[PDB]
Amino acid sequence: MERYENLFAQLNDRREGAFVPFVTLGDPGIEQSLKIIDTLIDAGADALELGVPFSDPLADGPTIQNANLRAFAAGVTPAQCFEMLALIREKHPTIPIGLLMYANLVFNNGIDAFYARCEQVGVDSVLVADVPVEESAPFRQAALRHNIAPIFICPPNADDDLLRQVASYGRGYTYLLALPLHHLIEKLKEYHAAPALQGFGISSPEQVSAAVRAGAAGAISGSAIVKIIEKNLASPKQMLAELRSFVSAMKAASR
Amino acid sequence: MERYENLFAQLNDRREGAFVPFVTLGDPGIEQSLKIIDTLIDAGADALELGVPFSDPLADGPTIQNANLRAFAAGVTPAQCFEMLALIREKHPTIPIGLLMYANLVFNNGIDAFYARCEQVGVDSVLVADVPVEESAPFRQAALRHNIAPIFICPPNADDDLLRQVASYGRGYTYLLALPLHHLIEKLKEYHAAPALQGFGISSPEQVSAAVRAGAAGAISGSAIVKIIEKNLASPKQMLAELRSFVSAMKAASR
Amino acid sequence: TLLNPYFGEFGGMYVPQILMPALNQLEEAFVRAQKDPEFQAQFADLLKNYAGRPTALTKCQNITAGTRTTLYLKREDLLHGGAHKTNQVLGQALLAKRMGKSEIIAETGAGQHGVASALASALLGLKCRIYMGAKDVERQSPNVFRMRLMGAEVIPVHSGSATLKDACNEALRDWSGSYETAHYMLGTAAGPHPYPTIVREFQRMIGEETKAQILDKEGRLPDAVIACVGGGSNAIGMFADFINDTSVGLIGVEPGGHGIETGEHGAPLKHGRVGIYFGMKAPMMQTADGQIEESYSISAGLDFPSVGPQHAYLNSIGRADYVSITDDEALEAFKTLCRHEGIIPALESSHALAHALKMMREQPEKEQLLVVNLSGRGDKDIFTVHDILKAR
Amino acid sequence: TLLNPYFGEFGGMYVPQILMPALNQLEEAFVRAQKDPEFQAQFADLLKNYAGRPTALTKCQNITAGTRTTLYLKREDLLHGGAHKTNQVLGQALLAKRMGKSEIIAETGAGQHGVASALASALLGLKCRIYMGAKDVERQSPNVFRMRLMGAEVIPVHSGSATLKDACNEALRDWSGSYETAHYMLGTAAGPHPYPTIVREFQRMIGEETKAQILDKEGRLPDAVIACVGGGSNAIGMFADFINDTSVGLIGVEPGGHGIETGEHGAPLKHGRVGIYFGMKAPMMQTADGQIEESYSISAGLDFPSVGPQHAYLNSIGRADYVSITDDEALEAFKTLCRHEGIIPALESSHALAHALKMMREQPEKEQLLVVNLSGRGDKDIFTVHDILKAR
Ligand SMILES: *Cc1c(COP(=O)(O)O)cnc(C)c1O
Ligand SMILES: *Cc1c(COP(=O)(O)O)cnc(C)c1O
Ligand code: NA
Ligand code: NA
């Protein structure tokens, strides 16, 4: 939780936005995945949003859907994910690490036990894609008890009652996915909601800058990164090169 | 009609039974069929029962069923049958000739017209397999008007009312197909029914003699002949030889 | 006979002498049964508790859009078995039992009659042997499995042109010898008396129900009732109860196949000559010198090369009108029902529907209340319709 | 929420935030509808005039010979469509309309749900898109033709292991974006609230009719009511009305597949672990580290790797009992019904029957009045049963 507060503070003094890439743990391989994350961070990523391969991501698109298949095929398991995570943390002590999970993977061995291990490996936040605020009680409380920031998605069709709830319940940051977006950032700030990160379709520097200007604290690059991996699945050396550049670009555009 | 009366008279003075073979007109070929009939007569047949190939003989067995197929395949038609018939008569003026027909072939061009042509070609009797006594009025009357003997089958399950009807309505002969058969011949003779010919399964001399002794005026060899044709369909020269002998045998056993 | 074997000039008992006793026995039994309230009660129980009667009368919603025609469907497709054949097969089965019989004989073409007799037999505990044309066997594998599954013995007949036509012969031959213990369950309102009469009385609930349903829903009788004519049971089933309501039109539809002018059709009532076949005198498909010919239709169920004698009669006196519908017309009627009412009709029943669609389209501002007898469901037909369409 | 999303601990709304508005809208509409007598009247009209309700309750005649068991069958096989699925698909369709929707979204496996949604859509005039697992597509050609024939757009999904599981994902993804104009017609009494509740209320006529029919015919309630459990709609349909008649036993039958001990089965309620999937918390087929696994059964219709939450609940408190029946046991029950009652049941429904046959055979002198929900007809299965038997 602490790491986010730290990040957003530093970002402010330098009056810049946060650039947060998304990646699937173990895609396309474990060592390849680890090599990829080290690049993203070195290339300028402020934080990380990491996915744990799940069998039924009824909340993801084909891009992410295909990422999981690759991981699975690679032999990745939740257990292996946690090993990778301890390793990532070991080398990068300050970088905030958020996890994108599915409710079953969390519920599997008892909720509390899940967050316990998160805290243990040094994970900062967790986003359970299939748990609306309406059913978050157990997940929330467990997260807070293990000093884990429970991340919540703020959808386009978000009403006011929802806005107030997301503001109260969340920590670390707000996942921003009618409503004049400017008013969204507005309402949240007003409700003392955790800093909002713009998540919907951020795939060009133009968009990063816009988000910042719009009042967002930064932007999450949802699948643009997963694309590069795919495009270069063929050639690794270029997978990294393409990664470095893309990130460097997106980052430059946050300042 | 006259021919039958003549035959049965002569047979009596010589105290013998009539041997009547059955054959399909045009089976296996027209000339082959004609050649076959000349043999049957020469071999001793007292009379002839001739069949006209019909598409749906719901009253015949596979043996006769197959005979029709052969004829059809040979290109035989009712019309061709009548030509053959004039020819048979032309060479054999005294031999009684009976036809085995299906009601449609008779009804086709008008009933009366059918019997008219029978009389014209010199046919003595007609058996319409699918016309019970109950529906024979039109066929009967037309037959009588053209001096054609209407033959009727007397079945195993024949009751007394039927016996009286068959006796009154028929001419030429009675087609004999529980009831002590001896009593059948008895009841018929009593009703002044036309001479009864035993039709059920007469395929051995033993049977001819039996029929006679039983009181029948002779026997009709229903399909035994059609069998020989089939058996030797392969070789003609032997088809005739086998025919000659079989008939000579059956005939000898009638005396 | 206790009853009249003739309808005008059509009908009669044109069978070998050997079979008269069997027919006479059957008619006696049917007459006694008809009068037996206990019989009637048993029959009614099965129809309702086992078959699913009364069937629904559905008012079409989309198909008659933009016209002044109100189209209703008699849902015989909803009958256990998925065709109207079930009604009479149960009546016949119950009848064999009343006569103390324990064996049933049937013949089939498309297979629906085989299946229906097999099911009636299974339920009432009768031994069942079904004669089938090896040609039909080969192309009706699925129906053969159903039959066997139901404990019916399927005897493939090859004799002649292995088809219904020949099936009937062996069926009849069998019965000649076994009528003492067995009962012949003829498939339609045809053949020798009293089958045309029996099959009718055992199918007449269709019409009686339609009459009550329509009076309840519309408060008036239909202008016309339309049904397809293969051999004629579904049709007479529908018509029977309306015969005396002279204001109601009766329309029977025969398969036009490729089109009359082609000769490749199955419409003897209107395009054939009366003859003598299957123990009856009625219109049929025959050659010039009297050989019975085969019917033709996309729908195997309409393949009877002749027609029930009561139909030939109703026509003669002008009480009922007969029309033809071609393969192509049936197929479009098929597709149209699927699309607009989400009902898959038998290709047979599609011939009746196609005609009603014709009436509607030709005279769109003509106000008329029609009822089509949807004699069966088309599940059995999707493969046919499939391979037709794909081919196209 | 207006209603309780939970049955004991099972149920809830475990979906992305984006879908909550849609679910909330749906529940509001259902509640208003329930209270709308006009709604109830319209629904009742269709069920009766279009689908064929009430279905018959057949007393078996031969199958229970030599025992003291009286076996009745709820003839859902006689429903238009040939399966119970039709009842709720009509309710849902009517509901989409009340909400001013004009598009329907559905997913399918075996194909029966696709076909049923397609027919409901065709009749009420809704645009219909159906997601299908390309694996299922390949093996459900016939069902695909039916769907297309009915004007439904069939979208083949390959993502993951092209199956229902994945079908559901795209269906859900679609709805997230289109819920404004489209309605998601979920296939069983599962998924997020209020589907488990809706699907139940729209299937409860089965049970209500059974209750009235049995009291009329036997003058007493059954000892037990047996139904198969794929996802649970037919079962809860049957059970719902008898829940408060504590003297009536409720038995749900899950596919045992090759046998439990083999792992190749589809019985999560009794042999799986509760988890969170398809927007609900219920028992399911999952690996040790939480990956959802596939069900297995000879019958594709019983392939749901989880179960409705109300069932998991009824079990928990011991109101209802759940058992399993293997492939082999189902197959024999199939064959037995054909042979003795001349009824071809769905391989699904055969699982419920097989269990009732078990009860009867094990305790032949035990007097008991049973009712089996014959959820469908087996026409769709003859090829399967065929190629199984021939293989043997
Ligand atoms: C058999 C059949 C027919 C044809 O028979 P009819 O004897 O003319 O009534 C028509 N429709 C269906 C659905 C059939 O199965
Ligand atoms: C679909 C189907 C089932 C399984 O579904 P439930 O949701 O468990 O009721 C059972 N029987 C038939 C005939 C079906 O089509
Ligand atoms: Na016909
Ligand atoms: Na299940």
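Here is what the cut-offs are and how they apply
- Residues numbered from 1 in each chain as written, not as in the entry; some residues may be left out.
- Chains lettered and ligands numbered in written order.
- Heavy atoms only, no water.
- Near = heavy atom within 4 Å.
- Polar contact = N/O pair within 3.5 Å; in protein donor to acceptor, adjacent residues only side chain to side chain.
- Areas by Shrake-Rupley, 256 points an atom, 1.4 Å probe, with all protein chains shown as cover.
- Nonpolar A, V, L, I, M, F, W, Y, C, P; charged D, E, K, R; others polar.
- Pairing = 2+ DSSP bridges.
- Helix = DSSP H or I, 4+ residues; strand = E, 2+ residues; numbered from the N terminus.
- Axes fitted to C-alpha atoms, helices over the stretch in contact; angles between N-to-C directions.
- Contact = heavy atoms within 4.5 Å.
- Least-squares fit on C-alpha atoms.
- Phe/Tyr/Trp six-rings, centres within 6.5 Å; stacked < 30°, edge-to-face > 60°.
- Buried area = accessible area lost by both parts, 1.4 Å probe.
- Salt bridge = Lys/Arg side-chain N within 4 Å of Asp/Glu carboxyl O.
- Domains from an automatic or database assignment.
- Donors = N, O, S within 2.8 Å, 3.2 Å for Na, K, Ca; no water.
- Buried < 20%, exposed > 50% of the residue type's maximum accessible area, 1.4 Å probe, protein only.
- UniProt positions renumbered as here; feature names shortened; annotations may be inferred.
- 1 Å grid on protein atoms, 1.4 Å probe; cavity = no way out; pocket = protein on both sides within 12 Å on 5 of 7 lines; lining within 4 Å.
- Points joined across faces, edges and corners; volume = space filled by probe spheres on them.

1. Examining the site of ligand 2
Residue and element names in this part refer to chain D.
1) Next: Taken together, 17 residues form the shell around ligand 2, and within it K85, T188, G230, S233 and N234 come nearest.
2) Next: Contact between ligand 2 and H84: an oxygen atom at 3.1 Å from a side-chain N or O atom of the residue.
3) Next: Here an oxygen atom of ligand 2 sits 2.9 Å away from a polar atom, N or O, in the side chain of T188.
4) Next: For ligand 2, whose accessible area on its own is 390 Å², the fraction buried by protein is 96%.
5) Next: Per-class residue counts for the shell around ligand 2 are four nonpolar, eleven polar and two charged.

2. Points about the sheet that holds strand β14 (residues 368-374) of chain D
Residues and elements named next belong to chain D.
1) Next: Spatial strand order, β3-β4-β14-β9-β10-β13: six strands in an open sheet with mixed pairing. A single partner strand is all that each edge strand has here, and the edge strands are β3 (57-59) and β13 (320-326). Geometrically, the sheet is characterised by an average inter-axis angle of 25 degrees between neighbouring strands, direction not taken into account.
2) Next: Pairing analysis gives three bridges linking β3 to strand β4 (residues 69-75), with the strands arranged antiparallel. The residue of β4 that forms the bridge with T58 is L73.
3) Next: Sitting on the sheet, helix α13 (residues 327-341) touches β4, β10 (249-257), β13 and β14, and the angle it makes with β13 is about 90 degrees.

3. Remarks on the relation of the copies chain C and chain D
1) Next: Of the transformation superimposing chain C on chain D, the axial component is 0.0 Å and the angular component is 180 degrees, with the fit at an RMSD of 0.0 Å. Interpreted geometrically, this transformation is the action of a two-fold axis. Proximity to the rotation axis, assessed at the C-alpha, singles out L78 of chain C in chain C; its C-alpha lies 3.1 Å from the axis.
2) Next: The share of interface residues of chain C whose copies in chain D are also at the interface is 100%, consistent with both copies meeting through the same surface.

4. What to know about the site of ligand 1
All names here are of chain C.
1) Next: Taken together, 17 residues surround ligand 1, and among them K85, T188, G230, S233 and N234 come closest.
2) Next: The backbone of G231 places a nitrogen or oxygen atom 3.0 Å from an oxygen atom of ligand 1.
3) Next: In this structure, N234 approaches ligand 1 through a main-chain N or O atom, which is 2.7 Å from an oxygen atom.
4) Next: Within the complex, 96% of the 390 Å² of free accessible area of ligand 1 lies under protein.
5) Next: Grouping the amino acids of the shell around ligand 1 by side-chain chemistry returns four nonpolar, eleven polar and two charged.

5. What to know about the packing of aromatic side chains
1) Next: The final tally for this structure, using the stated rule, is 31 aromatic pairs over all chains.
2) Next: Between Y277 of chain D and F304 of chain D, the ring centres sit 6.0 Å apart and the planes meet at 35 degrees, which makes this aromatic pair tilted. Of the two residues, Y277 of chain D sits in strand β11 (residues 273-277) while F304 of chain D sits in the loop between β12 (279-284) and α12 (309-316), which places them 27 residues apart along the sequence.
3) Next: Taken together, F30, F39, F43 and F202 of chain C form an aromatic cluster joined through their ring pairs.

6. A word on the interface of chain C and chain D
1) Next: With 38 residues of chain C at the contact, the number on the chain D side is 38 residues.
2) Next: Roughly 3200 Å² of surface becomes buried between chain C and chain D when both sides are summed, with 62% attributable to carbon and sulfur atoms.
3) Next: Summed over the shared surface of chain C and chain D, the number is four salt bridges.
4) Next: Inspection of the chain C/chain D interface yields 20 residue pairs in polar contact.
5) Next: Put simply, the parts of the chain that give the side of chain C that touches chain D at least two residues each are α2 (37-51), β3 (57-59), α4 (112-124), α6 (141-149), α13 (327-341) and α15 (382-389) of chain C.

7. Quick word on the pattern of salt bridges
1) Next: By the definition in use, this model includes 80 salt bridges over all chains.
2) Next: Two residues, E230 of chain A and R70 of chain A, come together in a salt bridge whose shortest N-O distance is 3.8 Å.
3) Next: Among the ionic contacts, a cluster of salt bridges with common partners joins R200, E201, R204, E208, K211, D241 and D245 of chain C.

8. Details of the domain arrangement of chain C
All names here are of chain C.
1) Next: Taken domain by domain, chain C comprises domain 1 (7-51 + 85-203) and domain 2 (52-84 + 204-389).
2) Next: If you look at the interface, domain 1 gives 39 residues, while domain 2 gives 38 residues.
3) Next: Carbon and sulfur atoms supply 63% of the area that domain 1 and domain 2 bury against each other, a total of about 3300 Å² over both sides.
4) Next: Among the residues domain 1 hides against domain 2, the three largest losses belong to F10, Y14 and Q203. Together they make up 21% of the total.
5) Next: Between the two partners, domain 1 and domain 2, sit one salt bridge.
6) Next: Salt-bridge contacts for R204 lead to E201; the nearest nitrogen and oxygen are separated by 2.8 Å.
7) Next: At the junction of domain 1 and domain 2, the tally comes to 19 residue pairs in polar contact.
8) Next: Where the side of domain 1 that touches domain 2 is concerned, the elements lending two or more residues are β2 (10-14), α2, α3 (85-98), α4, α7 (164-178) and α8 (195-201).
9) Next: Residues of the side of domain 1 that touches domain 2, tallied by class, amount to 22 nonpolar, eleven polar and six charged.

9. Side note on the coordination of the sodium ion (ligand 3)
Residue and element names in this part refer to chain C.
1) Next: Bound to the sodium ion (ligand 3) on the protein side are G230 (O), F304 (O) and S306 (O), at distances that span 2.3 to 2.5 Å.
2) Next: Counting the intervening residues between successive donors of the sodium ion (ligand 3) yields the motif G-x73-F-x1-S. You'll find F304 and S306 in the same group, each marked buried.

10. Section: the pairing of strand β4 (residues 125-128) of chain B
Residue and element names in this part refer to chain B.
1) Next: Side chains of β4 alternate between two faces, with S125 and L127 and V126 and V128 buried alike.
2) Next: Here strand β3 (residues 97-101) runs beside β4; their pairing, made up of four bridges, is parallel. Along β4, the bridge assignment pairs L99 with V126.
3) Next: Bridge count between β4 and strand β5 (residues 149-154): three bridges; the pairing is parallel. Bridged to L127 within β5 is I151.

11. Some details on the UniProt feature "active site" in chain A
Residue and element names in this part refer to chain A.
1) Next: UniProt records the feature "active site" at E49 and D60, using the numbering of this structure.
2) Next: In this structure, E49 sits in strand β2 (residues 48-51).
3) Next: Its relative accessible area of 1% is what places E49 among the buried residues.
4) Next: Beyond its immediate chain neighbours, meaning those up to four positions away, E49 contacts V20, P21, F22, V23, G98, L100, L127, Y173, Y175 and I220.

12. Focus on the coordination of the sodium ion (ligand 4)
All names here are of chain D.
1) Next: The sodium ion (ligand 4) binds to the protein through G230 (O), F304 (O) and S306 (O), with metal-donor distances spanning 2.3 to 2.5 Å.
2) Next: Mapped onto the sequence, the donors of the sodium ion (ligand 4) take the spacing G-x73-F-x1-S. Of this pair, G230 sits in the loop between β9 (224-228) and α10 (233-239) while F304 sits in the loop between β12 and α12, and the two are 74 residues apart along the sequence.
3) Next: The exposure class assigned to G230 is buried, which follows from its relative accessible area of 12%.

13. Some remarks on unusual backbone geometry
1) Next: The step from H193 of chain C to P194 of chain C runs through a cis peptide bond, and the omega angle for that step is 5 degrees.
2) Next: Among the secondary structure elements, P194 of chain C is positioned in the loop between β8 (182-184) and α8.
3) Next: In this structure, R15 of chain B takes a positive phi of about 35 degrees despite not being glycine.
4) Next: Here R15 of chain B shows up in the loop between α1 (2-13) and β1 (18-24).

14. Description of empty space enclosed by the protein
Residue and element names in this part refer to chain B.
1) Next: What the largest cavity holds in volume is close to 150 Å³.
2) Next: What lines the largest cavity is a set of 17 residues, and nearest its centre among them are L127, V128, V131, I151 and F152.
3) Next: Those elements that place two or more of their residues in the lining of the largest cavity are β4, α7 (137-145) and β5.
4) Next: Among the elements that make up the lining of the largest cavity, the one with the highest residue count is β5 (four residues).

15. Quick word on the side chain of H265 of chain D
Residue and element names in this part refer to chain D.
1) Next: Relative to the helices and strands, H265 is located in the loop between β10 and α11 (268-271).
2) Next: Judged by its relative accessible area of 6%, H265 is buried.
3) Next: Once residues within four sequence positions are removed from consideration, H265 is found in contact with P255, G256, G257, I260, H271, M285, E294, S295 and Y296.

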